Amino acid sequence: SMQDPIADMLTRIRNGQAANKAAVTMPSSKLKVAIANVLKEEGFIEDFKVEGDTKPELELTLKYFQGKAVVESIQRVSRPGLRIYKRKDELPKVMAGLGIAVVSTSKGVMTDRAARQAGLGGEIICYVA
Amino acid sequence: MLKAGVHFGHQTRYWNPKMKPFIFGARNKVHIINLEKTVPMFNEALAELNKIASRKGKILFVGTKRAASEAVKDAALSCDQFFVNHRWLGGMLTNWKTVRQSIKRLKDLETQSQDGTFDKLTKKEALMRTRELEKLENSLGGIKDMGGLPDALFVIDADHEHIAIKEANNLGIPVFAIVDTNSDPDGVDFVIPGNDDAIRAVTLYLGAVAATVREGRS
Amino acid sequence: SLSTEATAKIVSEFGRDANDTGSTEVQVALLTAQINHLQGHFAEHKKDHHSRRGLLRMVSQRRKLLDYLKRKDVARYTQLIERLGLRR
RNA sequence: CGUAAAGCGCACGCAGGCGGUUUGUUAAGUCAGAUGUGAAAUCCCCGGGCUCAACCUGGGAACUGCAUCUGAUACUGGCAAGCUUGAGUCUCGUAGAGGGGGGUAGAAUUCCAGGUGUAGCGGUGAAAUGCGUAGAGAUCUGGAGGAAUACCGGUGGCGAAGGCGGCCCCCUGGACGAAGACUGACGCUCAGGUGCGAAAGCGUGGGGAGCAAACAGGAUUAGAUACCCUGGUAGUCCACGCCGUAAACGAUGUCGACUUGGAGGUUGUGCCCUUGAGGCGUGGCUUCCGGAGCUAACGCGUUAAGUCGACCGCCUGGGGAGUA
């Protein structure tokens with residue numbers, strides 16, 4: 001059954017980048033809009049738009065720089081089978097800083113740079129490389 | 001809008017999903033190319049193709065299917081340019097080396113043919129040698145006066161002439177193809193969504209291309 | 001499965017009204033009705049191992065719904081299994 | 001983990017693991033800080049003393065931990081309330097070798113009785129054993145009995161898998177479709193457990209036409225405990241119980257999501273002059289070929305062996321050995 005909708009979202013974006021898809025729709029939630037706002041903020045997607053009233057639908061307009069795709073490798077880190085909670089010192093950098101890692105901290109859903117600057121660790125959701 | 005008078009697209013069968021941006025696609029099981037997309041594409045091809053034609057470059061029209069012949073001989077030869085109209089030999093660009101000595105044999109045998117010793121010593125071997133000039137003349141026809149490997153390539157069907165596109169992509173030569181809805185934009189640098197097998201369409205089409213080639217600095 | 005008149009009678013007895021035909025008590029009572037009727041069928045035959053697989057789906061599904069309704073409202077649970085004579 | 005070792009034969013399901021979506025509260029996990037502790041030596045860093053080094057030594061860092069207190073509340077969990085996109089119920093139909101019980105029908109084989117009729121029949125590569133003037137084989141009539149159900153029949157259908165094929169009745173399971181209503185996360189997987197599970201086999205009682213392990217004879221052969229021939233018992237068939245396995249195989253666990261196409265098959269449904277054996281869609285199941293991608297390759301390829309998530313099962317060189 002669906003047991004990880006975040007990894008489902010990242011699957012939608014990997015398979016949309018891999019199929020030269022212009023835009024990606026999915027069911028929407030607060031955590032997916034938080035992550036999507038981080039992805040737009042860090043420049044991996046072009047835009048997002050949440051529509052619907054009773055059944056919201058998140059839509060990510062994807063990016064393609066050259067013919068190549070911008071989101072090179074998006075991975076889900078803290079899956080439901082095994083959750084991964086890092087401190088502010090254990091908090092990893094991806095592609096030696098060239099690629100953010102979306103961590104859910106108590107202050108909100110941030111990146112690794114932003115939460116290492118904020119001085120607080122948390123639950124590391126996904127590597128975007 | 002309407003430079004492309006009469007073709008409106010073709011190929012019901014074996015259509016290629018990579019041609020999905022170029023298809024209007026309605027009537028009677030056959031696909032219609034969006035010619036409102038073709039006209040900017042084809043004007044771009046005339047732009048860069050005239051740009052390399054003005055730099056004193058060699059263009060190499062490719063016309064193996066019928067009746068692209070003698071329309072590619074007429075259009076290439078209306079310019080001071082080159083062509084392949086019969087079977088495109090596998091590797092006349094990527095080993096042009098060996099094809100250079102076959103062209104050399106064509107030159108030596110026509111010089112031997114219409115001027116030198118053609119009636120000399122045999123009738124049978126002379127007939128043999130003349131039909132070697134028919135075979136080397138129709139295979140290495142247009143390219144025989146090139147002397148380099150060309151600065152662009154203009155193919156008239158992308159799937160029927162996939163070999164030449166594959167080699168010009170192998171060598172870094174700009175490929176200018178009129179694709180149809182069955183073809184694939186492989187490494188065609190300047191794709192043109194058109195109609196590959198209508199003689200009206202390819203004579204209009206090569207008419208425009210041969211028109212823009214023969215404007216250099218003049 | 002069951003008769004249209006029988007299903008309508010059980011929906012009328014256990015639902016808030018008719019058209020409330022998906023409530024948990026109603027589904028439980030319809031499964032119960034069919035389980036008892038097929039007790040009569042499988043006392044005979046006894047080697048209808050295919051139909052029995054359908055029956056064990058009914059038993060298991062009834063069990064799931066009783067577990068749901070037990071951990072939602074226990075008063076509805078006790079009234080329900082009191083009325084249907086199940087649980088032994 | 002298709003083919004190298006490796007997916008339980010298939011399901012149901014307890015404990016376990018995981019769990020759609022919104023709001024509020026808590027703050028257990030999680031995070032931040034503080035305090036107490038984490039002995040000294042040792043490791044590490046910056047210095048100092050032995051002529052240097054090993055060695056000794058000063059200060060720090062570290063000891064990745066635990067406990068308590070103070071906070072943060074995004075995610076996970078607890079609690080309360082919901083919501084429908086998951087799951088399920090109801091209405092109406094559809095197709096089907098799905099299952100169990102009962103009945104019946106027609107061809108054919110064998111046997112029995114009788115008519116005609118006469119010298120072979122059967123069999124094989126060739127033969128012989130075998131049957132036959134006590135009248136076979138062929139042929140016609142009548143009867144008995146058992147098993148299986150030609151044609152339809154189709155990479156057709158149904159079933160979880162094993163599997164299910166005349167026709168009719170009775171009892172019964174599931175699937176799919178159309179519109180609408182209802183419940184409201186009731187879900188997914190599943191170790192142990194339980195059930196179903198071809199064929200052969202076993203037990204008790206029937207039945208026994210054909211076929212046929214064993215067995216016997218004839219050949220073949222160097223031999224022939226075989227292949228071939230002529231017979232032929234258990235068995236195959238029924239009732240009930242056992243067994244519990246197969247190359248139980250798509251050698252591919254289950255459930256869910258996403259990702260270019262083409263040609264079919266089968267079963268629904270909606271719309272349009274139905275102006276016909278049409279045109280346009282929209283579902284369910286299924287076959288062949290192929291794109292990206294993956295793959296050791298072969299190939300798989302929207303029914304994945306692609307891109308992911310949940311849970312389970314299993315593998316760790318060959319043999320010995322799936323044996324003691």
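This deposited entry lists cryo-EM as its structure determination method and 2.9 Å as its resolution.

Remarks on helix α3 (residues 96-114) of chain B
The first and last C-alpha atoms of α3 of chain B sit 26 Å apart over 19 residues, in line with the 27 Å expected at 1.5 Å per residue. Close packing links the buried residues of α3 of chain B with α4 (124-139) of chain B.

Looking at the packing of helix α2 (residues 71-78) of chain B against helix α6 (residues 199-213) of chain B
Residues and elements named next belong to chain B. Interaxial distance between α2 and α6 falls to 9 Å at its minimum, and their mutual angle equals 15°. The pairing of α2 with α6 is recorded here as roughly parallel in orientation. The two elements α2 and α6 meet at a crossing, and its hand is right-handed. Contacts between α2 and α6 involve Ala 71, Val 72, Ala 75 and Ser 78 from the first element and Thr 203, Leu 206 and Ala 210 from the second. Of the residues belonging to the contact of α2 with α6, the class tally is five nonpolar, two polar and no charged.

Section: the environment of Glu 215 of chain B
Residues and elements named next belong to chain B. By the element assignment, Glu 215 lies in the segment after α6. Considered as a pair, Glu 215 and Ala 152 are 63 residues apart in the sequence and their alpha carbons are 16 Å apart. Leaving out residues up to four positions away in the same chain, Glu 215 has contacts with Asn 50 and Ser 54.

Here we look at the protein's contact with RNA strand D
Around RNA strand D lies a shell of 72 residues, among which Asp 8 and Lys 88 of chain A together with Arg 16, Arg 53 and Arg 71 of chain C are the nearest. The contact in question runs from a sugar or linking oxygen of RNA strand D to an N or O atom on the side chain of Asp 48 of chain C, over 2.6 Å. Every element with two or more residues in the surface near RNA strand D is listed here: α1 (5-17), α2 (30-42), β5 (85-86), β6 (101-105) and β7 (108-110) of chain A together with α1 (4-14), α2 (24-43) and α3 (49-70) of chain C. In terms of residue count, α3 of chain C provides more of the surface near RNA strand D than any other element does, 12 residues in total. Considering only residue class, the surface near RNA strand D consists of 16 nonpolar, 32 polar and 24 charged.

Points about the nonpolar core
As a rule of thumb, nonpolar side chains are buried together in soluble globular proteins. Residue and element names in this part refer to chain B. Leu 60, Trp 88, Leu 140, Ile 143, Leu 153 and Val 155 are the most contacted members of the largest nonpolar core, which totals 30 residues. Among the secondary structure elements, those contributing two or more residues to this core are α3, β3 (153-155), α5 (162-171) and β4 (175-179). Of all the elements, α3 adds the most residues to this core, at four residues. Discounting residues that sit within four places of it in the chain, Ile 143 has contacts with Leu 60, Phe 83, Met 92 and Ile 103.

Details of the domain arrangement of chain A
Residue and element names in this part refer to chain A. For chain A, the assigned domains are domain 1 (5-69) and domain 2 (74-128). The straight-line distance from the C-alpha centre of domain 1 to that of domain 2 is 19 Å. Of the residues lining the interface, 11 residues belong to domain 1; the matching set on domain 2 comes to 10 residues. Contact with domain 2 buries surface across domain 1, with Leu 10, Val 38 and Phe 44 losing the most and accounting together for 40% of the total. Remark: the boundary between domain 1 and domain 2 carries zero salt bridges. One can count one residue pair in polar contact joining domain 1 with domain 2. Of all elements in the fold, only α1 and α2 reach the threshold of two or more residues within the side of domain 1 that touches domain 2. With six residues, the single largest contributor to the side of domain 1 that touches domain 2 is α2. Per-class residue counts for the side of domain 1 that touches domain 2 are nine nonpolar, no polar and two charged.

Here we look at α1 of chain A
All names here are of chain A. Along its 13 residues, α1 runs 18 Å from first to last C-alpha, staying within 8% of the 18 Å computed at 1.5 Å per residue. Along α1, the residues that are buried comprise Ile 6, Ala 7, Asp 8, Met 9, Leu 10, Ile 13, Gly 16 and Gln 17. Close packing links the buried residues of α1 with β1 (23-27), α2, β3 (57-62), β4 (74-76) and β8 (122-128). At the N-terminal end of α1, a side-chain oxygen is found 3.4 Å from the backbone nitrogen of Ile 6, two or three residues along, and the residue is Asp 4.

Description of unusual backbone geometry
All names here are of chain B. For the bond running from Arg 66 to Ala 67, omega is 5°, close enough to zero to count as cis. Tracing the backbone through its elements, the reader meets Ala 67 in the loop between β1 (61-62) and α2. Of the consecutive residues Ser 69 and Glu 70, the connecting peptide bond is found in the cis state with omega at 0°. Among the secondary structure elements, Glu 70 is positioned in the loop between β1 and α2. In this structure, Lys 29 is a non-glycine residue whose phi angle is positive, near 70°. Relative to the helices and strands, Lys 29 resides in the segment before α1 (35-53). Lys 29 gets classed as exposed once you look at its relative accessible area, which sits at 75%. Positive phi values are uncommon outside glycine, yet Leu 121 reaches one of about 75°.

The rules we used
- Residues numbered from 1 in each chain as written, not as in the entry; some residues may be left out.
- Chains lettered and ligands numbered in written order.
- Part of a larger assembly, values for the part shown.
- Heavy atoms only, no water.
- Residues with missing side-chain atoms left out of burial classes, pairs and counts.
- Helix = DSSP H or I, 4+ residues; strand = E, 2+ residues; numbered from the N terminus.
- Expected span 1.5 Å × (residues − 1).
- Contact = heavy atoms within 4.5 Å.
- Axes fitted to C-alpha atoms, helices over the stretch in contact; angles between N-to-C directions.
- Parallel < 35°, antiparallel > 145°, perpendicular 65-115°, else oblique.
- Left-handed = near helix turned anticlockwise from the far one by under 90°.
- Nonpolar A, V, L, I, M, F, W, Y, C, P; charged D, E, K, R; others polar.
- Near = heavy atom within 4 Å.
- Polar contact = N/O pair within 3.5 Å; in protein donor to acceptor, adjacent residues only side chain to side chain.
- Core = buried A, V, L, I, M, F, W, Y, C linked by side-chain atoms within 4.5 Å.
- Buried < 20%, exposed > 50% of the residue type's maximum accessible area, 1.4 Å probe, protein only.
- Domains from an automatic or database assignment.
- Buried area = accessible area lost by both parts, 1.4 Å probe.
- Salt bridge = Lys/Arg side-chain N within 4 Å of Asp/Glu carboxyl O.

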